[PDB]
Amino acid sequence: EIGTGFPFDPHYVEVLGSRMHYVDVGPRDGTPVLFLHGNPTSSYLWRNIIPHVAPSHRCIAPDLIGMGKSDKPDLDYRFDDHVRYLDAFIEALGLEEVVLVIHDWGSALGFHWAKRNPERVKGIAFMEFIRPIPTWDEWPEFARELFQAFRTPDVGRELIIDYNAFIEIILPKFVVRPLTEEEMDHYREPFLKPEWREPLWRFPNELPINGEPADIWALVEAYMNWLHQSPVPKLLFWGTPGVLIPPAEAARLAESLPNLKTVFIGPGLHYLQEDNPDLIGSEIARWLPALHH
């Protein structure tokens, strides 16, 4: 049965005047494996994946600023805020070379950092990641009205801020198997009060859809161009029907990206880690040794 516990001792680092929480397990040296969650999750999303990798490699899984057990500074929580704080977290941990394991907005952060640090990135494992969405017709129909509403003035803030839609609707909607109450309560803990929910609303308002917002669209196109030209080792996990990465997109990536291994995880929507953590973790562990020449 999929584990609901979070058996990781807390670690904190002060950056830019705020504390960020992170998981840090495994050996203390070697190339670390940096796990980056997205919306509306935290390092809790990686709880059943990390134990597959920790016997062989250091595993570092930060909570993005304003999320998980990290501090809640008074920010807009725009994408560039998350870039700045994750850059400061990576710096404070002294990371030189890394393997990235990334999802959702954690993948936009990770691919943007990799583009800027191409000689530091030794591998990227990614799943249900951020890519330019050409129009609303390439957003899944069953979640279209909701995400259009999230991006509608006033309505979206009411849904996400006042009524906590990203936690109470989207999270269970985007896992195939049923979440348990214990798992929901872990996810709910950082957002029990509405003044804590700004990151949750800003993220869907940053999604690059039909050119907008233009700055994120440009940034995501840039790192996808980098990815298509980079020889870095790559590992993609995909499910069916998927959400950001449907099977047709997984196939396009299998054809286009260099040095790519793909793993089909079975039924999956967006939070693939909650549907098949053990295959994701075991396959990451099996893929890592070849990154060490």
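Counting begins at 1, following the sequence as shown.
- The stretch 252-260 shows the higher mean C-alpha B-factor when 59-67 is compared against 252-260 in the entry.
- Higher average CA B factor: 169-177, of the stretches 169-177 and 100-108.
- The PDB entry gives the largest Cα B-factor of the residues 126, 187, 79, 136 to 136.
- The entry lists C-alpha B-factors for 199, 73, 132, 194, and the highest of these is at 132.
- In the PDB entry, a CA B factor belonging to the lowest third of its chain's modelled residues is recorded for residue 244.
- Sort the chain's modelled residues by C-alpha temperature factor and residue 85 lands in the lowest third, per the entry.
- Ranked by C-alpha B-factor against the other modelled residues of its chain, residue 268 falls in the middle third.
- Sort the modelled residues of the chain by CA B factor and residue 164 lands in the lowest third.
- In the PDB entry, residue 232 places in the highest third of its chain by CA B-factor.
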